[PDB]
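J.: I'm passing along model06.cif; it holds mmCIF, C-alpha atoms.
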data_start
loop_
_atom_site.group_PDB
_atom_site.id
_atom_site.type_symbol
_atom_site.label_atom_id
_atom_site.label_comp_id
_atom_site.auth_asym_id
_atom_site.auth_seq_id
_atom_site.Cartn_x
_atom_site.Cartn_y
_atom_site.Cartn_z
ATOM 1 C CA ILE M 15 57.940 156.015 102.864
ATOM 2 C CA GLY M 16 56.476 156.632 99.402
ATOM 3 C CA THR M 17 54.206 154.133 97.610
ATOM 4 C CA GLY M 18 53.980 155.812 94.180
ATOM 5 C CA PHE M 19 56.122 155.068 91.114
ATOM 6 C CA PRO M 20 56.343 158.481 89.317
ATOM 7 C CA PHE M 21 58.582 157.337 86.508
ATOM 8 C CA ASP M 22 57.742 157.303 82.768
ATOM 9 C CA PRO M 23 58.162 153.808 81.234
ATOM 10 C CA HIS M 24 60.984 153.259 78.697
ATOM 11 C CA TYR M 25 61.381 150.064 76.617
ATOM 12 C CA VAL M 26 64.199 148.521 74.612
ATOM 13 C CA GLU M 27 64.108 145.339 72.437
ATOM 14 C CA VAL M 28 66.852 142.921 73.576
ATOM 15 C CA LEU M 29 67.288 139.305 72.264
ATOM 16 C CA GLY M 30 63.770 139.245 70.831
ATOM 17 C CA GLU M 31 62.031 140.556 73.940
ATOM 18 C CA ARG M 32 61.013 143.975 75.336
ATOM 19 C CA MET M 33 62.720 145.107 78.609
ATOM 20 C CA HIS M 34 61.250 147.911 80.752
ATOM 21 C CA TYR M 35 63.472 150.452 82.553
ATOM 22 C CA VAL M 36 63.422 153.773 84.444
ATOM 23 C CA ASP M 37 65.743 156.465 82.969
ATOM 24 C CA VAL M 38 65.782 159.862 84.790
ATOM 25 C CA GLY M 39 68.198 162.636 85.704
ATOM 26 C CA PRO M 40 70.703 164.273 83.277
ATOM 27 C CA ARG M 41 70.866 162.719 79.787
ATOM 28 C CA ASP M 42 74.656 162.555 79.880
ATOM 29 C CA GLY M 43 77.549 161.899 82.300
ATOM 30 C CA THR M 44 78.326 158.657 84.150
ATOM 31 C CA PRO M 45 75.037 156.770 84.752
ATOM 32 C CA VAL M 46 74.141 155.033 88.012
ATOM 33 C CA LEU M 47 72.747 151.527 87.145
ATOM 34 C CA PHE M 48 70.342 150.048 89.781
ATOM 35 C CA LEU M 49 69.873 146.228 89.768
ATOM 36 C CA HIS M 50 67.070 144.552 91.763
ATOM 37 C CA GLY M 51 66.800 140.838 92.693
ATOM 38 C CA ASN M 52 64.151 138.245 93.694
ATOM 39 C CA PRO M 53 61.085 138.739 93.614
ATOM 40 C CA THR M 54 61.212 142.536 93.009
ATOM 41 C CA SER M 55 61.645 145.051 90.168
ATOM 42 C CA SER M 56 62.684 148.685 89.666
ATOM 43 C CA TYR M 57 59.777 149.531 92.099
ATOM 44 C CA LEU M 58 62.257 148.511 94.922
ATOM 45 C CA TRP M 59 64.386 151.597 94.011
ATOM 46 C CA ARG M 60 61.496 154.113 93.830
ATOM 47 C CA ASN M 61 62.425 156.040 97.037
ATOM 48 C CA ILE M 62 66.211 155.866 96.509
ATOM 49 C CA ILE M 63 66.388 157.167 92.895
ATOM 50 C CA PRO M 64 65.000 160.679 93.821
ATOM 51 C CA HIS M 65 68.041 161.321 96.029
ATOM 52 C CA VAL M 66 70.385 160.574 93.083
ATOM 53 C CA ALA M 67 68.570 161.906 89.983
ATOM 54 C CA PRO M 68 69.297 165.623 90.852
ATOM 55 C CA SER M 69 73.031 164.977 90.251
ATOM 56 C CA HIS M 70 73.310 161.857 87.989
ATOM 57 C CA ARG M 71 71.498 159.876 85.290
ATOM 58 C CA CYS M 72 69.678 156.925 86.926
ATOM 59 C CA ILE M 73 68.883 153.737 84.952
ATOM 60 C CA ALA M 74 66.892 150.880 86.563
ATOM 61 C CA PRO M 75 65.848 147.882 84.443
ATOM 62 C CA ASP M 76 63.354 145.142 85.255
ATOM 63 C CA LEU M 77 65.141 141.774 84.735
ATOM 64 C CA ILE M 78 63.779 139.530 81.984
ATOM 65 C CA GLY M 79 60.690 137.611 83.232
ATOM 66 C CA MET M 80 60.024 140.249 85.948
ATOM 67 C CA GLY M 81 58.379 143.635 86.527
ATOM 68 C CA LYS M 82 57.098 145.223 83.300
ATOM 69 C CA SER M 83 59.581 143.383 81.092
ATOM 70 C CA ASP M 84 58.452 140.596 78.764
ATOM 71 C CA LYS M 85 58.109 137.059 80.140
ATOM 72 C CA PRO M 86 59.391 134.434 77.660
ATOM 73 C CA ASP M 87 59.217 130.687 78.323
ATOM 74 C CA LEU M 88 62.784 130.259 79.570
ATOM 75 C CA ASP M 89 64.297 128.045 82.292
ATOM 76 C CA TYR M 90 65.535 131.281 83.918
ATOM 77 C CA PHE M 91 68.916 129.942 84.959
ATOM 78 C CA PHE M 92 71.389 132.636 86.068
ATOM 79 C CA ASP M 93 72.992 132.506 82.613
ATOM 80 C CA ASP M 94 69.710 133.622 80.961
ATOM 81 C CA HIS M 95 69.729 136.744 83.191
ATOM 82 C CA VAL M 96 73.429 137.326 82.384
ATOM 83 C CA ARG M 97 72.663 137.298 78.614
ATOM 84 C CA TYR M 98 69.710 139.658 78.848
ATOM 85 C CA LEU M 99 71.425 142.197 81.106
ATOM 86 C CA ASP M 100 74.643 142.146 78.997
ATOM 87 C CA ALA M 101 72.499 142.907 75.903
ATOM 88 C CA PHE M 102 70.462 145.588 77.734
ATOM 89 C CA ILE M 103 73.625 147.460 78.738
ATOM 90 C CA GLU M 104 74.998 147.412 75.163
ATOM 91 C CA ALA M 105 71.652 148.482 73.650
ATOM 92 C CA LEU M 106 71.723 151.642 75.716
ATOM 93 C CA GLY M 107 75.328 152.322 74.626
ATOM 94 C CA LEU M 108 76.630 152.557 78.192
ATOM 95 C CA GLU M 109 80.383 152.939 78.553
ATOM 96 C CA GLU M 110 81.504 153.620 82.197
ATOM 97 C CA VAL M 111 78.936 153.106 84.999
ATOM 98 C CA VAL M 112 78.424 153.183 88.794
ATOM 99 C CA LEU M 113 76.570 150.068 90.033
ATOM 100 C CA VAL M 114 73.936 150.082 92.862
ATOM 101 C CA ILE M 115 73.048 146.402 93.499
ATOM 102 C CA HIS M 116 71.033 143.950 95.662
ATOM 103 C CA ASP M 117 70.575 140.016 95.901
ATOM 104 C CA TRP M 118 70.615 138.489 92.396
ATOM 105 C CA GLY M 119 71.149 142.012 91.045
ATOM 106 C CA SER M 120 74.442 141.910 92.963
ATOM 107 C CA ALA M 121 75.534 138.547 91.455
ATOM 108 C CA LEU M 122 74.747 140.051 88.015
ATOM 109 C CA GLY M 123 76.618 143.331 88.822
ATOM 110 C CA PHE M 124 79.716 141.720 90.336
ATOM 111 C CA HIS M 125 79.928 139.191 87.442
ATOM 112 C CA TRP M 126 79.643 142.053 84.919
ATOM 113 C CA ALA M 127 82.272 144.103 86.790
ATOM 114 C CA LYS M 128 84.756 141.209 86.895
ATOM 115 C CA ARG M 129 84.404 140.908 83.085
ATOM 116 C CA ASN M 130 84.483 144.698 82.374
ATOM 117 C CA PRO M 131 86.631 146.167 85.168
ATOM 118 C CA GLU M 132 87.660 149.252 83.252
ATOM 119 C CA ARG M 133 84.019 150.280 82.958
ATOM 120 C CA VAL M 134 83.065 150.246 86.678
ATOM 121 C CA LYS M 135 83.755 153.477 88.565
ATOM 122 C CA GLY M 136 82.192 152.480 91.915
ATOM 123 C CA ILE M 137 79.907 149.808 93.471
ATOM 124 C CA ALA M 138 77.242 150.438 96.144
ATOM 125 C CA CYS M 139 75.847 147.108 97.446
ATOM 126 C CA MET M 140 73.676 145.578 100.150
ATOM 127 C CA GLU M 141 72.463 142.050 101.108
ATOM 128 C CA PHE M 142 74.510 140.532 98.271
ATOM 129 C CA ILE M 143 75.118 136.976 97.064
ATOM 130 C CA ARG M 144 78.286 135.303 98.412
ATOM 131 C CA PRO M 145 79.076 131.602 99.032
ATOM 132 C CA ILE M 146 77.188 130.397 102.165
ATOM 133 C CA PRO M 147 79.403 127.588 103.465
ATOM 134 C CA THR M 148 76.916 125.658 105.519
ATOM 135 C CA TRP M 149 73.225 125.829 106.450
ATOM 136 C CA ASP M 150 74.323 126.882 109.985
ATOM 137 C CA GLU M 151 75.195 130.275 108.435
ATOM 138 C CA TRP M 152 71.714 130.786 106.962
ATOM 139 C CA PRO M 153 69.541 132.517 109.634
ATOM 140 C CA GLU M 154 67.232 130.269 111.673
ATOM 141 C CA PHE M 155 63.929 132.075 110.990
ATOM 142 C CA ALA M 156 64.332 131.420 107.266
ATOM 143 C CA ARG M 157 66.379 128.170 107.163
ATOM 144 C CA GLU M 158 63.715 125.418 106.881
ATOM 145 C CA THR M 159 61.782 127.489 104.338
ATOM 146 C CA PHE M 160 64.758 127.951 102.055
ATOM 147 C CA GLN M 161 65.581 124.255 102.463
ATOM 148 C CA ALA M 162 62.013 123.444 101.322
ATOM 149 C CA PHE M 163 62.333 125.792 98.285
ATOM 150 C CA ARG M 164 65.328 123.656 97.244
ATOM 151 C CA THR M 165 63.542 120.251 97.812
ATOM 152 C CA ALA M 166 62.136 118.432 94.738
ATOM 153 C CA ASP M 167 58.359 119.034 94.159
ATOM 154 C CA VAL M 168 57.842 120.736 97.558
ATOM 155 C CA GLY M 169 59.607 123.931 96.435
ATOM 156 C CA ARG M 170 57.562 124.356 93.233
ATOM 157 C CA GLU M 171 54.306 123.798 95.152
ATOM 158 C CA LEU M 172 55.278 126.574 97.593
ATOM 159 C CA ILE M 173 56.683 129.138 95.118
ATOM 160 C CA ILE M 174 54.721 128.525 91.915
ATOM 161 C CA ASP M 175 51.370 127.155 93.082
ATOM 162 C CA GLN M 176 51.146 129.102 96.388
ATOM 163 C CA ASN M 177 53.253 132.220 95.446
ATOM 164 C CA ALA M 178 55.253 131.897 98.697
ATOM 165 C CA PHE M 179 58.120 134.121 97.614
ATOM 166 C CA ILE M 180 55.802 137.101 97.106
ATOM 167 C CA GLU M 181 53.297 136.366 99.898
ATOM 168 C CA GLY M 182 55.756 135.089 102.461
ATOM 169 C CA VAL M 183 59.388 135.945 101.951
ATOM 170 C CA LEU M 184 58.965 139.555 100.831
ATOM 171 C CA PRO M 185 56.901 140.900 103.779
ATOM 172 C CA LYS M 186 58.713 138.682 106.348
ATOM 173 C CA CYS M 187 62.053 140.193 105.225
ATOM 174 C CA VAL M 188 61.057 143.851 105.727
ATOM 175 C CA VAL M 189 61.014 145.063 109.393
ATOM 176 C CA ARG M 190 58.304 147.714 108.957
ATOM 177 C CA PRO M 191 54.836 146.550 107.716
ATOM 178 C CA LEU M 192 54.226 146.752 103.934
ATOM 179 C CA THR M 193 50.973 148.382 102.783
ATOM 180 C CA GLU M 194 48.352 146.918 100.446
ATOM 181 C CA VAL M 195 49.241 149.258 97.591
ATOM 182 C CA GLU M 196 52.971 148.274 97.835
ATOM 183 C CA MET M 197 52.222 144.515 97.981
ATOM 184 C CA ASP M 198 49.759 144.756 95.077
ATOM 185 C CA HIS M 199 52.519 146.510 93.018
ATOM 186 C CA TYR M 200 54.822 143.538 93.774
ATOM 187 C CA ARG M 201 52.078 140.967 92.994
ATOM 188 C CA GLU M 202 51.124 142.447 89.623
ATOM 189 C CA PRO M 203 53.786 140.810 87.397
ATOM 190 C CA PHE M 204 52.947 137.329 88.708
ATOM 191 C CA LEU M 205 49.141 136.991 88.521
ATOM 192 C CA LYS M 206 49.613 134.091 86.024
ATOM 193 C CA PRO M 207 51.195 131.200 88.019
ATOM 194 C CA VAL M 208 53.357 129.926 85.144
ATOM 195 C CA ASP M 209 55.215 133.293 85.165
ATOM 196 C CA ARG M 210 56.572 132.501 88.672
ATOM 197 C CA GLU M 211 59.323 130.276 87.181
ATOM 198 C CA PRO M 212 62.195 132.802 87.850
ATOM 199 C CA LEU M 213 61.072 133.140 91.491
ATOM 200 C CA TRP M 214 61.649 129.403 92.013
ATOM 201 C CA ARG M 215 64.863 129.062 89.934
ATOM 202 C CA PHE M 216 66.591 131.887 91.868
ATOM 203 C CA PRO M 217 66.588 130.205 95.366
ATOM 204 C CA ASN M 218 67.695 126.975 93.702
ATOM 205 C CA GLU M 219 70.742 128.816 92.289
ATOM 206 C CA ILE M 220 71.983 130.322 95.653
ATOM 207 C CA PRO M 221 75.512 128.890 96.392
ATOM 208 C CA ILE M 222 74.928 126.973 99.688
ATOM 209 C CA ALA M 223 77.187 124.163 100.957
ATOM 210 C CA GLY M 224 78.757 123.860 97.510
ATOM 211 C CA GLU M 225 75.609 123.464 95.421
ATOM 212 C CA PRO M 226 74.882 124.120 92.629
ATOM 213 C CA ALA M 227 78.533 123.734 91.667
ATOM 214 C CA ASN M 228 78.438 125.944 88.530
ATOM 215 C CA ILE M 229 77.087 128.970 90.450
ATOM 216 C CA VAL M 230 79.418 128.357 93.412
ATOM 217 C CA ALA M 231 82.383 128.563 90.946
ATOM 218 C CA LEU M 232 81.113 131.784 89.349
ATOM 219 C CA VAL M 233 80.472 133.513 92.737
ATOM 220 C CA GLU M 234 83.864 132.381 94.180
ATOM 221 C CA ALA M 235 85.468 133.967 91.085
ATOM 222 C CA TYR M 236 83.807 137.364 91.377
ATOM 223 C CA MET M 237 84.499 137.432 95.140
ATOM 224 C CA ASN M 238 88.212 136.829 94.459
ATOM 225 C CA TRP M 239 88.098 139.708 91.916
ATOM 226 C CA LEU M 240 86.292 141.938 94.436
ATOM 227 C CA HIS M 241 88.864 141.308 97.198
ATOM 228 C CA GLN M 242 91.740 142.437 94.890
ATOM 229 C CA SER M 243 89.959 145.349 93.205
ATOM 230 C CA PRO M 244 90.746 148.956 94.165
ATOM 231 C CA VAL M 245 87.313 150.140 92.925
ATOM 232 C CA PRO M 246 85.501 152.337 95.484
ATOM 233 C CA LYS M 247 82.823 150.339 97.366
ATOM 234 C CA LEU M 248 79.914 151.401 99.617
ATOM 235 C CA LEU M 249 78.248 148.585 101.697
ATOM 236 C CA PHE M 250 74.892 149.154 103.461
ATOM 237 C CA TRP M 251 73.949 146.690 106.177
ATOM 238 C CA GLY M 252 71.156 146.154 108.715
ATOM 239 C CA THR M 253 70.492 144.308 112.014
ATOM 240 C CA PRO M 254 69.952 141.360 112.030
ATOM 241 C CA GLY M 255 70.299 141.169 108.263
ATOM 242 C CA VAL M 256 69.920 137.907 106.262
ATOM 243 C CA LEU M 257 72.778 137.372 103.737
ATOM 244 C CA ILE M 258 75.016 139.988 105.397
ATOM 245 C CA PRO M 259 74.594 139.954 109.202
ATOM 246 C CA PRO M 260 76.459 142.624 111.307
ATOM 247 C CA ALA M 261 79.454 140.279 111.969
ATOM 248 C CA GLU M 262 79.810 139.620 108.224
ATOM 249 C CA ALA M 263 79.652 143.334 107.403
ATOM 250 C CA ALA M 264 82.467 143.889 109.964
ATOM 251 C CA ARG M 265 84.617 141.201 108.238
ATOM 252 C CA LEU M 266 83.944 142.706 104.758
ATOM 253 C CA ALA M 267 84.832 146.217 105.968
ATOM 254 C CA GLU M 268 88.429 144.855 106.282
ATOM 255 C CA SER M 269 88.584 142.345 103.419
ATOM 256 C CA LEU M 270 87.105 144.559 100.638
ATOM 257 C CA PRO M 271 89.589 147.314 99.580
ATOM 258 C CA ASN M 272 88.423 150.977 99.618
ATOM 259 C CA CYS M 273 85.125 150.165 101.287
ATOM 260 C CA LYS M 274 82.939 152.466 103.319
ATOM 261 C CA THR M 275 80.201 150.732 105.413
ATOM 262 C CA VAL M 276 76.871 152.316 106.430
ATOM 263 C CA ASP M 277 74.673 150.996 109.283
ATOM 264 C CA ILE M 278 71.011 151.506 108.280
ATOM 265 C CA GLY M 279 69.496 150.397 111.589
ATOM 266 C CA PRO M 280 66.852 147.604 111.723
ATOM 267 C CA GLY M 281 66.760 145.528 108.519
ATOM 268 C CA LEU M 282 66.476 141.944 107.217
ATOM 269 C CA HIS M 283 66.849 141.482 103.402
ATOM 270 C CA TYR M 284 64.959 144.275 101.526
ATOM 271 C CA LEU M 285 66.820 147.129 103.198
ATOM 272 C CA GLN M 286 65.445 149.592 100.677
ATOM 273 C CA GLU M 287 61.961 149.199 102.243
ATOM 274 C CA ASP M 288 63.242 149.964 105.783
ATOM 275 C CA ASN M 289 65.569 152.996 105.253
ATOM 276 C CA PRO M 290 65.471 154.309 101.672
ATOM 277 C CA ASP M 291 66.298 157.873 102.662
ATOM 278 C CA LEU M 292 69.654 157.039 104.286
ATOM 279 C CA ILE M 293 70.566 154.675 101.394
ATOM 280 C CA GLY M 294 69.775 157.361 98.770
ATOM 281 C CA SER M 295 71.377 160.298 100.637
ATOM 282 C CA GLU M 296 74.586 158.311 101.353
ATOM 283 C CA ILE M 297 74.933 157.215 97.677
ATOM 284 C CA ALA M 298 74.419 160.846 96.575
ATOM 285 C CA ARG M 299 77.170 162.080 98.952
ATOM 286 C CA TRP M 300 79.620 159.317 97.924
ATOM 287 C CA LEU M 301 79.326 159.728 94.080
ATOM 288 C CA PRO M 302 81.253 163.018 93.583
ATOM 289 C CA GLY M 303 84.404 161.515 95.140
ATOM 290 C CA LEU M 304 84.541 158.945 92.364
ATOM 291 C CA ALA M 305 85.646 161.575 89.747
#
Turn this file's structure into structure tokens for me.

T.:
Amino acid sequence: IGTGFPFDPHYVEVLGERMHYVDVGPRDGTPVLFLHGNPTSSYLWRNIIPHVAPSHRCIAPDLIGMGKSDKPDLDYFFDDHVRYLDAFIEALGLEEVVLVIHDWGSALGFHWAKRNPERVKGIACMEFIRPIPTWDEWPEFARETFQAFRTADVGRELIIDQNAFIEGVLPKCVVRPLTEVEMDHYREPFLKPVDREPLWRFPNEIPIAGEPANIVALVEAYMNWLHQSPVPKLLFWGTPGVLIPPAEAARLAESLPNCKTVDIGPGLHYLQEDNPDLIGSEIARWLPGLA
């Protein structure tokens, strides 16, 4: 699995801040928009993009506060990410798009799709944000830790002071062992502790047992849109998974219209680090059928 990032940097000024993004493949035609989540960046898509770039334009931004994008002093609530990504998409003049999304990138992509349905030609997703009804449904190996991330004072000490999302969650949620060069790429944006604010706000925004109520309402709304939408969907899943275990992927294969599911083999949350070649080759084979 490759460790390099052979992509020229591109920058665009959005809402007073510079955002970094990858932009490869043809300069025209329907673009494929890749959206990462917590605590990653466009580096998470480095081995998937090469399977797609020969046939389609590939665009992969780093969310505000992350990767090579600027890091303003924001609270980093979900709504801040919604504003910056909405402005990024308009600055590039995108019209119709295909979405490839993960984790908080999936909450951003599904929320954008619900608001701009006529502009989404297909959605490839994996390990995406959905309402988790009870803590029983969160997997045991990660339950107490996520509960601690959401406990006053304790969570900030773990994520901000100790960098637990990068040092702990990331490698423990990839089945194969990550290398030093890959982990140092993921550590680079967060060498200043104060910049770890988004990494702590994200787990505190996950809709679990009805809290926080504002995010639960937003996610219930895009899930209701997704269940009624005829847009083509491609869902990758792994065993045992984290947000989308095998039994959940089997339920979604029925309840999401026009959905093809792909079993990637062993995987926890960052599926792209366990089987990037199958994820990229299956997206490349599925895209032509969308025309």

J.: Taking the file as shown, find all residues satisfying the PyMOL selection byres ((chain M and resi 29) around 8) and write them as a PDB file with C-alpha atoms, in the coordinates of the input.

T.:
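What landed in out_4.pdb:
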ATOM      1  CA  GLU M  27      64.108 145.339  72.437  1.00  0.00           C
ATOM      2  CA  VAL M  28      66.852 142.921  73.576  1.00  0.00           C
ATOM      3  CA  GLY M  30      63.770 139.245  70.831  1.00  0.00           C
ATOM      4  CA  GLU M  31      62.031 140.556  73.940  1.00  0.00           C
ATOM      5  CA  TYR M  98      69.710 139.658  78.848  1.00  0.00           C
ATOM      6  CA  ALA M 101      72.499 142.907  75.903  1.00  0.00           C
TER       7      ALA M 101
END

J.: Rank M:100, M:56, M:148, M:94 by their smallest atom-to-atom distance to residue 225 in chain M, using all atoms listed in the file, and report the top residue only.

T.: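 Under the stated criterion, the closest residue is M:148.
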
J.: Taking (57.6, 139.2, 77.4) in the file's own coordinates, collect the residues within 8 Å, counting all atoms listed in the file, and hand them back as a short mmCIF file (atom, residue, chain, number, x, y, z; two decimals) with C-alpha atoms, in the coordinates of the input.

T.:
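Contents of the output file result_24.cif:
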data_model
loop_
_atom_site.label_atom_id
_atom_site.label_comp_id
_atom_site.auth_asym_id
_atom_site.auth_seq_id
_atom_site.Cartn_x
_atom_site.Cartn_y
_atom_site.Cartn_z
CA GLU M 31 62.03 140.56 73.94
CA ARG M 32 61.01 143.98 75.34
CA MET M 33 62.72 145.11 78.61
CA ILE M 78 63.78 139.53 81.98
CA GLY M 79 60.69 137.61 83.23
CA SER M 83 59.58 143.38 81.09
CA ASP M 84 58.45 140.60 78.76
CA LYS M 85 58.11 137.06 80.14
CA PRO M 86 59.39 134.43 77.66
#

J.: Could you list, as a list in words, every residue within 6 Å of range 217-221 of chain M, counting only C-alpha atoms and ignoring same-chain residues fewer than 3 positions away?

T.: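 Residues near the query, excluding close chain neighbours: residues 145, 164, 225 and 230 of chain M.
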
J.: So that I have them on file, write out the residues from the current selection with C-alpha atoms, as an mmCIF file, keeping the file's coordinate frame.

T.:
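result22.cif was written with the following content:
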data_model
loop_
_atom_site.group_PDB
_atom_site.id
_atom_site.type_symbol
_atom_site.label_atom_id
_atom_site.label_comp_id
_atom_site.auth_asym_id
_atom_site.auth_seq_id
_atom_site.Cartn_x
_atom_site.Cartn_y
_atom_site.Cartn_z
ATOM 1 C CA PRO M 145 79.076 131.602 99.032
ATOM 2 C CA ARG M 164 65.328 123.656 97.244
ATOM 3 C CA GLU M 225 75.609 123.464 95.421
ATOM 4 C CA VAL M 230 79.418 128.357 93.412
#

J.: Can you pull out the residues contacting range 167-182 of chain M? Cut-off 8 Å, using only C-alpha atoms, and skip same-chain residues under 2 positions away; I want them as a list in words.

T.: residues 53, 162, 163, 164, 165, 184, 185, 186, 200, 201, 207, 208, 210, 211, 213 and 214 of chain M

J.: For the residues selected in the previous step, produce a file with C-alpha atoms as an mmCIF file, in the frame of the given file.

T.:
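Saved the output as part08.cif:
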data_model
loop_
_atom_site.group_PDB
_atom_site.id
_atom_site.type_symbol
_atom_site.label_atom_id
_atom_site.label_comp_id
_atom_site.auth_asym_id
_atom_site.auth_seq_id
_atom_site.Cartn_x
_atom_site.Cartn_y
_atom_site.Cartn_z
ATOM 1 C CA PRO M 53 61.085 138.739 93.614
ATOM 2 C CA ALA M 162 62.013 123.444 101.322
ATOM 3 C CA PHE M 163 62.333 125.792 98.285
ATOM 4 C CA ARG M 164 65.328 123.656 97.244
ATOM 5 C CA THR M 165 63.542 120.251 97.812
ATOM 6 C CA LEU M 184 58.965 139.555 100.831
ATOM 7 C CA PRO M 185 56.901 140.900 103.779
ATOM 8 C CA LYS M 186 58.713 138.682 106.348
ATOM 9 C CA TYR M 200 54.822 143.538 93.774
ATOM 10 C CA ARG M 201 52.078 140.967 92.994
ATOM 11 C CA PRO M 207 51.195 131.200 88.019
ATOM 12 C CA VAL M 208 53.357 129.926 85.144
ATOM 13 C CA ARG M 210 56.572 132.501 88.672
ATOM 14 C CA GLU M 211 59.323 130.276 87.181
ATOM 15 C CA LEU M 213 61.072 133.140 91.491
ATOM 16 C CA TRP M 214 61.649 129.403 92.013
#

J.: Name all residues at most 12 Å from range 124-135 of chain M (count only C-alpha atoms; drop same-chain ones fewer than 6 positions away) and give them as a PyMOL selection string.

T.: chain M and resi 44-47+49+92-93+95-101+103+108-118+142-144+229+231-248+300-305

J.: Could you tell me which residues the PyMOL selection byres ((chain M and resi 260) around 12) returns for this structure, as a list in words?

T.: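 The output of the PyMOL selection byres ((chain M and resi 260) around 12) on this file is residues 140, 141, 249, 250, 251, 252, 253, 254, 255, 256, 257, 258, 259, 261, 262, 263, 264, 265, 266, 267, 275, 276, 277, 278, 279, 280, 281 and 282 of chain M.
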
J.: Grab the CA of residue 82 in chain M to CA of residue 34 in chain M distance for me, in Å with one decimal place.

T.: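 A separation of 5.6 Å between them.
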
J.: One decimal, Å: what's the distance from CA of residue 88 in chain M over to CA of residue 215 in chain M, could you say?

T.: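 We find that CA of residue 88 in chain M and CA of residue 215 in chain M lie 10.6 Å from each other.
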
J.: Find the distance between CA of residue 223 in chain M and CA of residue 161 in chain M and write it in Å to one decimal.

T.: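 About the pair CA of residue 223 in chain M and CA of residue 161 in chain M: they are 11.7 Å apart.
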
J.: Produce the centre coordinates and the three edge lengths, each in Å to one decimal, of the box along x, y and z that contains all listed atoms of range 82-87 of chain M with 4 Å added on each side, as AutoDock Vina command-line options.

T.:
--center_x 58.3 --center_y 138.0 --center_z 80.5 --size_x 10.5 --size_y 22.5 --size_z 13.6

J.: Using only C-alpha atoms, which of the listed residues (M:152, M:48, M:59, M:91) sits closest to residue 20 in chain M?

T.: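 Ranked by minimum distance to residue 20 in chain M, first place goes to M:59.
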
J.: Could you check which of M:51, M:89, M:38, M:17 is closest to residue 68 in chain M, using all atoms listed in the file?

T.: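 Answer, going by the shortest atom-to-atom distance: M:38.
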
J.: In terms of the shortest atom-to-atom distance over all atoms listed in the file, which of M:147, M:23, M:81, M:16 is closest to residue 288 in chain M?

T.: M:16

J.: Please provide the set of residues having any atom within 8 Å of residue 58 in chain M, restricted to all atoms listed in the file, with same-chain residues fewer than 5 positions apart removed, written as a PDB file with C-alpha atoms, in the frame of the given file.

T.:
ATOM      1  CA  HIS M  50      67.070 144.552  91.763  1.00  0.00           C
ATOM      2  CA  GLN M 286      65.445 149.592 100.677  1.00  0.00           C
ATOM      3  CA  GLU M 287      61.961 149.199 102.243  1.00  0.00           C
TER       4      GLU M 287
END

J.: Which residue out of M:149, M:55, M:80, M:63 has the minimum interatomic distance to residue 209 in chain M when all atoms listed in the file are used?

T.: M:80
